[PDB]
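2 protein chains.
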Amino acid sequence: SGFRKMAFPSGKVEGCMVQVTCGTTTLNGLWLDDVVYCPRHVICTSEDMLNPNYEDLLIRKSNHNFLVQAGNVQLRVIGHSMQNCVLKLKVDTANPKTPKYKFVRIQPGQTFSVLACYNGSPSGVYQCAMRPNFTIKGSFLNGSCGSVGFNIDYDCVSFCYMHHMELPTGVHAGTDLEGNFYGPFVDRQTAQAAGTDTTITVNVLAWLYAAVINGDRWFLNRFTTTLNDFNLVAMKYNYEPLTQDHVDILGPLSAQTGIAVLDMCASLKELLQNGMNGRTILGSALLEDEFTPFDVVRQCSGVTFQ
Amino acid sequence: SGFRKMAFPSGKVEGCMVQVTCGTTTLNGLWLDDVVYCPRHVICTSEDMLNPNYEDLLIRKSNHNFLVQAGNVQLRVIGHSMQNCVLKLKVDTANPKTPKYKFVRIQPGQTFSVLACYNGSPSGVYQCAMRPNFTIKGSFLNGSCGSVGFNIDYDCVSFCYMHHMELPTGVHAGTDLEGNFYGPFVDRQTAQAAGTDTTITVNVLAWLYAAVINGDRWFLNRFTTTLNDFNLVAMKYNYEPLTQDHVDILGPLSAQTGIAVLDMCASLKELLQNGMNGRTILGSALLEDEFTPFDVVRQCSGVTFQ
Ligand SMILES: *C(=O)[C@H](C[C@@H]1CCCNC1=O)NC(=O)[C@H](CC(C)C)NC(=O)[C@@H](NC(=O)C1CCCCC1)C(C)C
Ligand SMILES: *C(=O)[C@H](C[C@@H]1CCCNC1=O)NC(=O)[C@H](CC(C)C)NC(=O)[C@@H](NC(=O)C1CCCCC1)C(C)C
Numbered sequence: 001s002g003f004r005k006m007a008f009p010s011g012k013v014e015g016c017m018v019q020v021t022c023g024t025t026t027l028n029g030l031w032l033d034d035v036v037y038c039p040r041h042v043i044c045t046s047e048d049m050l051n052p053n054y055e056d057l058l059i060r061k062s063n064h065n066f067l068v069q070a071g072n073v074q075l076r077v078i079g080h081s082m083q084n085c086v087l088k089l090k091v092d093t094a095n096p097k098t099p100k101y102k103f104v105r106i107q108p109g110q111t112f113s114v115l116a117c118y119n120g121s122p123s124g125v126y127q128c129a130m131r132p133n134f135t136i137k138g139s140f141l142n143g144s145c146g147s148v149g150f151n152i153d154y155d156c157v158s159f160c161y162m163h164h165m166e167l168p169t170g171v172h173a174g175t176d177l178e179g180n181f182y183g184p185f186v187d188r189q190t191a192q193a194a195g196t197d198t199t200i201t202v203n204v205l206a207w208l209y210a211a212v213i214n215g216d217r218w219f220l221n222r223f224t225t226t227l228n229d230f231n232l233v234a235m236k237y238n239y240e241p242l243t244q245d246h247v248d249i250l251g252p253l254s255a256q257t258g259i260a261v262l263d264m265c266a267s268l269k270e271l272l273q274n275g276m277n278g279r280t281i282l283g284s285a286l287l288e289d290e291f292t293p294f295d296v297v298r299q300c301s302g303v304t305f306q
Numbered sequence: 001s002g003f004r005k006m007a008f009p010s011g012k013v014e015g016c017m018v019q020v021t022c023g024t025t026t027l028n029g030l031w032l033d034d035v036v037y038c039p040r041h042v043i044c045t046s047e048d049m050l051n052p053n054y055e056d057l058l059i060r061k062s063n064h065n066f067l068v069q070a071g072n073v074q075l076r077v078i079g080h081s082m083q084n085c086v087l088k089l090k091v092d093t094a095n096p097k098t099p100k101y102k103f104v105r106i107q108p109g110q111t112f113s114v115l116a117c118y119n120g121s122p123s124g125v126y127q128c129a130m131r132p133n134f135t136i137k138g139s140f141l142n143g144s145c146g147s148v149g150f151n152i153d154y155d156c157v158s159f160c161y162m163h164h165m166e167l168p169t170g171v172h173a174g175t176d177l178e179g180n181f182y183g184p185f186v187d188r189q190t191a192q193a194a195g196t197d198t199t200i201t202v203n204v205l206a207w208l209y210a211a212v213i214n215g216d217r218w219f220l221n222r223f224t225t226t227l228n229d230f231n232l233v234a235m236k237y238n239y240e241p242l243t244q245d246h247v248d249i250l251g252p253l254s255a256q257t258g259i260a261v262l263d264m265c266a267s268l269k270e271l272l273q274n275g276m277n278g279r280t281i282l283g284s285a286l287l288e289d290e291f292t293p294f295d296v297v298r299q300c301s302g303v304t305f306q
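Same order as they appear, the protein sequences are chains A and A'. A prime marks a further copy of an entry chain. Last residue of the first sequence? That's 306 in the entry's author numbering, and every number before it is there in order. Last residue of the second sequence? That's 306 in the entry's author numbering, and every number before it is there in order.
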């Protein structure tokens, strides 16, 4: 038993991290086959980031201006191209540690593991969720750009996020591996408003199901509710509306616990309107919304990866 | 900025996990050089675990009775020995993925990363702390035994924990890699009382320092306190006493924030006696005690590993 914030094993991603240096700016790159992917603002100076002209800055750069180091061995760049907000540096050596990989663009509410790196070396791994406002609540310092978010399915690593910037709110914004930002953000040091965040309701319900599987059942009440009446209450507390698709995704958890989804919604409705009265659920005094139903079933059934 | 529960990169440990099968019982093993380490109750049946005679059970076992598989390749056992509560299976092939490693016995209050494995395949990675009562609050299912806890220092993996059992309280007990249990526990299915847990005070203070570094400063009050008067209040709320050694360990965090340790203790004293009044610190409504001062400085300074 037990339930913990669990991240994917990072071994397959660790073998792909390199250091990319262009002048003074050094950050991390993703070495897949004979291509190194990294944020394009590596070609920027501190004065350029206020309003950078990336194409103009890149034209003044040639292949030798990019210092790519994998561990202690330097990789030679033999070509560079810019795809949206990421640079693609073709190197003369293909990464022998390249795993089976995929480039995916995740949806809001989905989770992924972040491998925080500095100077091409991993610092730690943690689990994140794509917030409804297309930000993430990560842990990034100077030089962390190029760190990637990923999921592992069987033996295939699904790269879905690359870190680019931090907003003064404390949250972080980035792109997919094709260079397209998540949300209305741009890679420039200027005022950008992030929309108000919302609680991921289907993830809270999945977390409550995990609590039942682990023996934390005090919050279960004797009532049921309709999907419409639940969403009217959840909307009041800044919860996303629960769709029938979300009810279907919670199917596996509902059958394992014998608790209908609308019955669990009735318990969540009482938790929102009355609070916890100083009690905890799975060791938390707040409702957790960064566990997908797939995360819950994977941890509660022991799904492994190759 | 930002602060997350962060685990070490698991790549160096992933290359050491194998599947160990003895009859029906299958669990995980740690393949280091030409030795595979695994919990000794792999030689037990479900009826044996009530009161097992491990030496008698092992004498009836020969080398071929241990099926060790690394991925899809079977490793041949050429010798077996029992050291306390772990089996040491000598295999004819030395693990080419063996990293620089060390066997350490951690102290209560220290943290480490757990790589949860099933059938020798990693499922996820998360950060744990050795509770004062020598248990851990992990996430383990059937077949997780053999999963190891570890820290990474520079390039050396310090193995410190191997999972053995779960108590009905929901907590988990295990051994170091020499087979010696943490706490007064034995590897048998019988009633065993775990001592009452205690909040790790120096870790809470380190967590409050992390909050200040990340801009969460509302809890800082204008008062100071003595080390003795703080421990009298902390004892009332089941906090471990703060020693001068703990004050010295908090030195780096105190100098970075300019907040004396006894000043932060005065703020923690007010938090304990008055609560948070519905407010959060680093997104938590409860005080976190599973971050060491070393964990805080590593995440707040970006320490990497080879
Ligand atoms: C890359 O390594 C770096 C990581 C940042 C900086 C360090 C703090 N935490 C991080 O994740 N990214 C970086 O420097 C960004 C470069 C882009 C401008 C291309 N810059 C930022 O992230 C800056 N953030 C902002 O300017 C926001 C943008 C929208 C709202 C106003 C301020 C930070 C603050 C340096
Ligand atoms: C090994 O894979 C397995 C992992 C356990 C079992 C599954 C639940 N979560 C885990 O971590 N360990 C295992 O089966 C133990 C074998 C030893 C007896 C050698 N058994 C247990 O962990 C059992 N726990 C107990 O018997 C406690 C011991 C002290 C208090 C009374 C009950 C579990 C409950 C099967």
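Each residue gets a CB set at the ideal place from its N, CA and C atoms; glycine is no exception.
On a Cα-Cα basis, can you pick out the residue from A':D153, A':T243, A':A210 and A':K236 that is closest to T226 (chain A')? As a working mapping, residue 226 (chain A') is identified with position 226 in the second sequence. If we check each option's Cα against that of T226 (chain A'), A':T243 comes out closest.
Considering only heavy atoms of ligand 2, does any lie closer than 6 Å to the CB of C128 (chain A')? As a first step, residue 128 (chain A') is located in the second sequence; it is residue number 128 there, counting from the start. Ligand 2 has no heavy atom closer than 6 Å to the beta-carbon of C128 (chain A').
So does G143 (chain A') have its beta carbon nearer than 6 Å to some heavy atom of ligand 2? Against the second sequence, residue 143 (chain A') aligns to sequence position 143. Yes, the beta carbon of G143 (chain A') sits closer than 6 Å to at least one heavy atom of ligand 2.
Check: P184 (chain A') C-beta below 6 Å from any heavy atom of ligand 4: Although ligand 4 was asked about, the structure shown includes only ligand 1 and ligand 2 as ligands.
At a cut-off of 6 Å, would you count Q192 (chain A) as near ligand 1, judging by its Cβ distance to the nearest heavy atom? Translated into the one-based positions of the first sequence, residue 192 (chain A) becomes position 192. The answer is yes for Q192 (chain A).
Starting from the N-terminal side, write out each stretch of the alpha helix (DSSP H) that is 4 residues or longer and does not extend beyond the region 46-117 of chain A'. Complete alpha helix (DSSP H) runs here, min 4: 54-59.
Mapping DSSP to helix, strand and coil, what is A191 (chain A')? For the purposes of this step, residue 191 (chain A') is taken as the residue at position 191 of the second sequence. Three-state DSSP puts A191 (chain A') in coil, outside helix and strand.
Got a sec, what are the start and stop residues for the beta strand (DSSP E) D153 (chain A') sits in? Position 153 of the second sequence, counting from 1, holds the residue named residue 153 (chain A'). Per DSSP, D153 (chain A') belongs to the beta strand (DSSP E) from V148 to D153.
Would you decide whether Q273 (chain A') is buried or exposed? Buried here means 16 or more other CB atoms lie within 10 Å of its CB. Position 273 of the second sequence holds residue 273 (chain A'). Exposed: under 16 other Cβ atoms inside 10 Å.
According to a CB-to-CB cut-off of less than 8 Å, which residues of the region 210-229 of chain A' neighbour chain A? Across the region 210-229 of chain A', CB contacts with chain A closer than 8 Å involve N214 and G215, in sequence order along the chain.
Out of A':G215, A':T199, A':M6 and A':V18, which has the shortest C-alpha to C-alpha gap to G109 (chain A')? Numbered from 1 along the second sequence, position 109 holds the residue referred to as residue 109 (chain A'). Of A':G215, A':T199, A':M6 and A':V18, the residue nearest in Cα terms is A':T199.
Let me see if you follow: with CB-CB separation under 7 Å, is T169 (chain A) close to chain A' or not? The residue given as residue 169 (chain A) occupies position 169 in the first sequence. So, not an interface residue.
Beta-carbon proximity check, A285 (chain A') vs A129 (chain A), cutoff 7 Å: Here the question's residue 285 (chain A') lines up with position 285 in the second sequence. Here the question's residue 129 (chain A) lines up with position 129 in the first sequence. Taking 7 Å as the Cβ cut-off, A285 (chain A') and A129 (chain A) do not qualify as a contacting pair.
Pick out the complete alpha helix (DSSP H) segments inside the region 226-291 of chain A, 4 residues or longer, and give them in chain order. 227-236, 244-249, 251-257 and 261-274
Could you check whether the Cβ of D187 (chain A) sits closer than 6 Å to any heavy atom belonging to ligand 1? Position 187 of the first sequence, counting from 1, holds the residue named residue 187 (chain A). For ligand 1, at least one heavy atom lies less than 6 Å from the Cβ of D187 (chain A).
Let's see if you can read the secondary structure: which residues bound the beta strand (DSSP E) around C22 (chain A')? If you number the second sequence from 1, residue 22 (chain A') lands on position 22. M17 to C22 is the span of the beta strand (DSSP E), which, as asked, contains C22 (chain A').
Cβ of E14 (chain A') within 7 Å of any chain A Cβ: The residue you call residue 14 (chain A') lines up with position 14 of the second sequence. With 7 Å as the cut-off, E14 (chain A') counts as an interface residue toward chain A.
Does the CB of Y182 (chain A) have a neighbour CB from chain A' at under 7 Å? Here residue 182 (chain A) refers to the residue found at position 182 of the first sequence. Answer no: the Cβ-Cβ gap between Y182 (chain A) and chain A' never drops below 7 Å.
Would you verify that the beta carbon of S158 (chain A') is, or is not, closer than 7 Å to some beta carbon of chain A? Taking the first residue of the second sequence as position 1, residue 158 (chain A') is located at position 158. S158 (chain A') does not count as touching chain A.
Considering only residues of the same chain and omitting the five flanking positions on each side of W207 (chain A'), which have a CB-CB separation below 6 Å? Locating residue 207 (chain A') in the second sequence gives position 207, where the first residue counts as 1. Correct list, in chain order: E288 and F291.
Taking 7 Å as the threshold (C-beta atoms), are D34 (chain A) and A94 (chain A) in contact? Within the first sequence, numbered from 1, the residue matching residue 94 (chain A) stands at position 94. Within the first sequence, numbered from 1, the residue matching residue 34 (chain A) stands at position 34. It is a contact, given that the beta carbons lie within the stated cut-off.
Of the residues that make up the region 75-108 of chain A', which ones have a beta carbon closer than 7 Å to any beta carbon in chain A? In summary, no residue of the region 75-108 of chain A' has a CB separated from any CB of chain A by less than 7 Å.
So, with DSSP's three-state summary, where would you put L220 (chain A')? As a first step, residue 220 (chain A') must be located in the second sequence, where it is residue number 220. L220 (chain A') falls in the coil class under three-state DSSP.
The region 276-294 of chain A': which residues have C-beta closer than 8 Å to a C-beta of chain A, in chain order? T280, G283, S284, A285 and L286
Excluding the five sequence neighbours on either side, which residues of its own chain have a C-beta within less than 6 Å of the C-beta of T135 (chain A'), listed in chain order? Along the second sequence, one-based indexing puts residue 135 (chain A') at 135. Within the same chain, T135 (chain A') has close Cβ partners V171, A173 and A194.
Determine the burial state of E14 (chain A): buried for a count of at least 16 other Cβ atoms within 10 Å of its Cβ, exposed for fewer. As a working mapping, residue 14 (chain A) is identified with position 14 in the first sequence. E14 (chain A) comes out buried.
Might you give, ordered along the chain, the residues of its own chain that have their beta carbon closer than 8 Å to the beta carbon of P252 (chain A), omitting 5 neighbours on each side? Within the first sequence, the letter at position 252 stands for residue 252 (chain A). If we look at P252 (chain A) and ignore the five residues flanking it on each side, its Cβ neighbours are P293 and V297.
Quick one: is the Cβ of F134 (chain A') within less than 6 Å of any heavy atom of ligand 2? Locating residue 134 (chain A') in the second sequence gives position 134, counting from the first residue. False, no ligand heavy atom lies under 6 Å from that Cβ.
Does the beta carbon of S1 (chain A) sit closer than 7 Å to a beta carbon anywhere in chain A'? Against the first sequence, residue 1 (chain A) aligns to sequence position 1. Output row for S1 (chain A): interface = yes.
Taking the CB atoms as reference points, tell me whether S267 (chain A) and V261 (chain A) lie closer together than 7 Å. Walking along the first sequence from the start, residue 267 (chain A) turns up at place 267. Walking along the first sequence from the start, residue 261 (chain A) turns up at place 261. Going by C-beta atoms, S267 (chain A) is not nearer than 7 Å to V261 (chain A).
Are there 16 or more other CB atoms within 10 angstroms of the CB of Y154 (chain A'), so buried, or fewer, so exposed? As a position in the second sequence, residue 154 (chain A') is number 154, starting the count at 1. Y154 (chain A') comes out exposed.
Identify, in the order they occur along the chain, each residue of the same chain with its Cβ nearer than 6 Å to the Cβ of residue 315 (chain A), setting aside the five sequence neighbours on each side. Only positions 1 to 306 of chain A appear in the structure, and residue 315 (chain A) is not among them; the question remains open.
Against chain A': residues of the region 31-42 of chain A by CB proximity under 7 Å: none
On the three-pair Cβ rule with 8 Å, is the region 184-191 of chain A' touching the region 231-247 of chain A'? Judged by Cβ distances under 8 Å, the region 184-191 of chain A' makes no contact with the region 231-247 of chain A', as fewer than three pairs qualify.
Out of A:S1, A:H164, A:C160 and A:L30, which one is the CA nearest neighbour of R105 (chain A)? In the first sequence, the residue the question calls residue 105 (chain A) occupies position 105. Among A:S1, A:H164, A:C160 and A:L30, the Cα nearest to that of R105 (chain A) is on A:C160.
Is it the case that the Cβ atoms of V125 (chain A') and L115 (chain A') are separated by a distance below 7 Å? Stepping through the second sequence from its first residue, residue 125 (chain A') is reached at position 125. Stepping through the second sequence from its first residue, residue 115 (chain A') is reached at position 115. Yes, they are a contact pair.
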